[PDB]
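In: I would like to see how this sequence folds:
(one chain, ligands or ions: 2)
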Amino acid sequence: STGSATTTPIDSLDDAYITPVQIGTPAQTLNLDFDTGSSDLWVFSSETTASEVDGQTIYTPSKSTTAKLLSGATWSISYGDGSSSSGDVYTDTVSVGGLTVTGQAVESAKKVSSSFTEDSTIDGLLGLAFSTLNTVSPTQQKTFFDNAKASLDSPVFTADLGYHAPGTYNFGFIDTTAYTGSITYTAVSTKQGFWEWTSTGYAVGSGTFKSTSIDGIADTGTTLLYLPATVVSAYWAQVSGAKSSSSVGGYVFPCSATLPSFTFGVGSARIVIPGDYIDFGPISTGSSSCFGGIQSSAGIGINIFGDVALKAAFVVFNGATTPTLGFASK
Ligand SMILES: CCOc1cccc(C(=N)N)c1
Ligand SMILES: CCOc1cccc(C(=N)N)c1
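Out: Residues are numbered from 1 along each chain as shown. Ligands and ions are numbered 1, 2, ... in the order given. Below, you will see the structure:
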């Protein structure tokens with residue numbers, strides 16, 4: 001089997017991407033935030049505290065003839081930006097882009113934190129990291145990909161995120177028309193539960209490539225590119241007037257600037273992030289200070305290749321017995 005679904009930016013800055021997901025019978029379609037950095041599929045629901053729902057589409061398990069309470073199971077997750085959610089668990093039929101999993105754990109939110117409530121465009125998260133990170137207790141549950149894997153034509157999914165445009169998540173096949181050149185594959189460590197890999201270095205604009213190992217995660221659920229402070233300082237030094245602002249929480253730059261590209265290495269291959277992908281717009285409405293898309297990881301503890309990096313590539317998440325990642329230009 002295969003599946004293919006379009007993923008769409010939630011706003012004009014590509015702050016996140018939403019993908020329609022069918023849950024239950026008859027289907028209830030919710031727009032979920034596919035996260036390769038977490039491993040829970042959770043949704044706003046008829047169980048969510050009413051004051052914490054503001055415009056999201058909810059899953060109502062009582063209206064699904066295939067829903068079953070997973071008795072005794074609870075879940076609770078944090079996103080590292082201060083947000084979190086928790087609740088109980090059902091199993092139900094879940095389909096993405098024509099690919100159907102029966103008995104998928106659907107984690108129903110009883111509580112969500114404010115930044116969830118405040119974003120009406122995100123109806124929940126669909127985790128695509130390794131199932132060892134799933135938070136369901138006392139019986140850990142498998143991700144949608146883990147449940148689908150054995151049925152797929154090939155045990156892979158691909159992320160093809162658009163810059164200020166829709167893109168595609170495919171399951172079970174590699175669309176050879178969706179990228180240019182060849183795909184370069186690189187080793188993955190699953191020891192922390194992430195799609196963790198080592199970039200071979202970077203360049204800023206037309207500058208020389210610096211060969212240096214940068215361990216990090218391929219994370220569709222993170223908006224920005226978080227890299228070591230040395231690398232980030234080297235990038236922003238090429239933007240007149242850019243500075244790290246403690247009050248804003250990262251590097252900002254004059255909105256009048258033209259940003260240089262940023263290249264990262266995948267083995268001997270190179271992925272080029274155009275400068276425009278690094279512009280996250282005014283820090284507040286009407287400001288002439290703009291927020292940068294490359295930020296220091298110093299306060300996190302791992303480097304994260306978030307959407308800023310991934311949207312510059314066609315990315316293969318190869319879930320074979322020994323997982324690997326592939327990157328191609330597009
Ligand atoms: C406490 C949450 O910490 C992280 C770290 C890295 C990735 C993610 C994620 N969900 N994409 C979350
Ligand atoms: C790692 C993904 O972290 C997310 C994703 C989507 C939304 C939010 C939020 N704060 N409302 C956080």
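In: around ligand 2, which positions in this structure sit nearby?
Out: Proximity of the chain to ligand 2 (Cβ under 6 Å from any ligand atom) is limited to residues 16, 33, 35, 37, 79, 81, 83, 115-116, 119, 122, 221-222. No exception for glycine: its C-beta is placed from N, CA and C like everyone else's.
In: and ligand 1, which of the residues you listed reach it?
Out: Answer for those near ligand 1 (Cβ under 6 Å from any ligand atom): 35, 37, 79, 221-222.
In: what would the residues of the chain next to ligand 2 look like in CSV with secondary structure and distance to residue 202?
Out: Formatted as CSV, the residues of the chain next to ligand 2 follow (DSSP: H, G, I helix; E, B strand; the rest coil; distance: Cβ to Cβ, whole Å):
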residue, secondary structure, distance to residue 202
16, coil, 25
33, strand, 27
35, strand, 25
37, coil, 21
79, coil, 26
81, coil, 25
83, coil, 30
115, helix, 31
116, helix, 34
119, coil, 32
122, coil, 31
221, coil, 22
222, coil, 18
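In: of the residues you listed, just the buried ones, PyMOL syntax please.
Out: Selection of buried members from the residues of the chain next to ligand 2 for PyMOL, criterion 16 or more other Cβ atoms under 10 Å:
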select buried, resi 16+33+35+37+79+83+116+119+122+221+222
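In: tell me the two of the residues of the chain next to ligand 2 that are most distant?
Out: 37 and 119 (17.6 Å; Cβ to Cβ).
In: contacts for stretch 5-15?
Out: Outside stretch 5-15, the residues that touch it by Cβ atoms under 8 Å, 6 or more residues apart in numbering are 16-21, 34, 96-97, 119, 121-122, 161-169, 223, 280-281, 307, 311.
In: how far off centre is it?
Out: 11 Å (Cα atoms, centre = their mean, to the nearest Å).
In: quick one: end-to-end distance for that stretch.
Out: Using Cα to Cα, to the nearest Å, the end-to-end distance of stretch 5-15 comes out at 19 Å.
In: which parts of that stretch are buried?
Out: In stretch 5-15, counting by 16+ other Cβ under 10 Å, buried: 5, 7-10, 14-15.
In: ok, the closest residue to ligand 1 within the stretch 1-150 of the chain - contacts?
Out: Using Cβ to the nearest ligand atom, the closest approach of the stretch 1-150 of the chain to ligand 1 is made by residue 37 at 2.4 Å. Listed by Cβ under 8 Å, 6+ apart, the contact set of residue 37 reads 127, 129, 194-195, 217, 219-222, 304.
In: can we see that at 7 Å?
Out: 129, 194, 217, 219, 221-222 (Cβ atoms under 7 Å, 6 or more residues apart in numbering).
In: what number of residues lie near the closest residue to it other than its chain neighbours?
Out: What sits nearest to residue 37 in space, not counting adjacent residues and going by Cβ to Cβ, 6 or more residues apart in numbering, is residue 219, at 3.7 Å. Residue 219 has 27 neighbours, counted by other Cβ atoms under 10 Å.
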